[PDB]
């Protein structure tokens, strides 16, 4: 077993050891390798060339930058199923996962991704089930960003942003999605058809965007949806005057910490909000932001009159 590592079968873990270099003598038989929470600032060229049996690799939480990710030439193996490069430096995409088509789990969270959003870099990853590109300084504009991800079930993309603060139809190929995190993306508007193909979606996180309205129409097709998180937006009205119901599958609607406008101008919307009581969570944290004389009051404890 390499120095400062723990070995079990073909698995090697060398985590939180303050390592500045990759341990020497890692055997070619290794199938899983974790070097997480260390101080690796660079990897010598072809350091992984002998690790041809690797199915799992995590380099999470180091100071690594990749001038050309990601390919079998970068990691030696062509049988990688799990790659975690989260909490690192700059990751530039020069190769579209050449030789890494077996990937099932991919994590880039809190690393600065470059040359990804303008292209369809995931085109070959027909087996990918989990993708995390949260907080990657990604500006979404090109609609084909996720082309190829037919099998995807979990998509986390929190802490990014969209051209024109607009959510386009970027999920149309992702029919197997069960979890979608779009929180903290500065969103203000969405395509009415953005979620129409997502019949298996169970959790949709829209928390801490910049929406001023809430409607039921974009969620009409979401007949597997259980949790809808709209906390921390600026919701005070709806596009449509006549709001319907959310899908019957829905169990939780989070509207806490929205800047509700408790005025006669929004009597109808607020009445509809009251009627969603059985869906709502922590109702004490649903408070009026305006007008001044009602600021801080729980929305459900108010009867607005004109």
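Numbering follows the first chain given and starts at 1.
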Exercise. Averaging only over Cα atoms, indicate whether 229 to 237 or 92 to 100 has the higher B-factor in the PDB entry.
Key: 92 to 100
Quiz item: What stretch has the higher average Cα B-factor here, 36 to 44 or 261 to 269?
Solution: 36 to 44
Exercise. Name the one of 105, 156, 110, 220 with the greatest CA B-factor according to the PDB entry.
Key: 220
Quiz item: Looking at 73, 202, 209, 147, which has the highest Cα B-factor in the entry?
Solution: 73
Self-check item: CA B-factor ranking of residue 296, expressed as a third of its chain
Solution: middle
Quiz item: Can you tell me which third, lowest, middle or highest, the CA B-factor of residue 190 falls into for its chain?
Solution: highest
Quiz item: Lowest, middle or highest third of the chain for the C-alpha temperature factor of residue 60?
Solution: middle
Quiz item: Going by what the PDB entry lists, where does residue 11 fall on CA B-factor within its chain: lowest, middle or highest third?
Solution: highest
Exercise. Can you work out whether the C-alpha temperature factor of residue 132 puts it in the lowest, middle or highest third of the chain?
Key: lowest
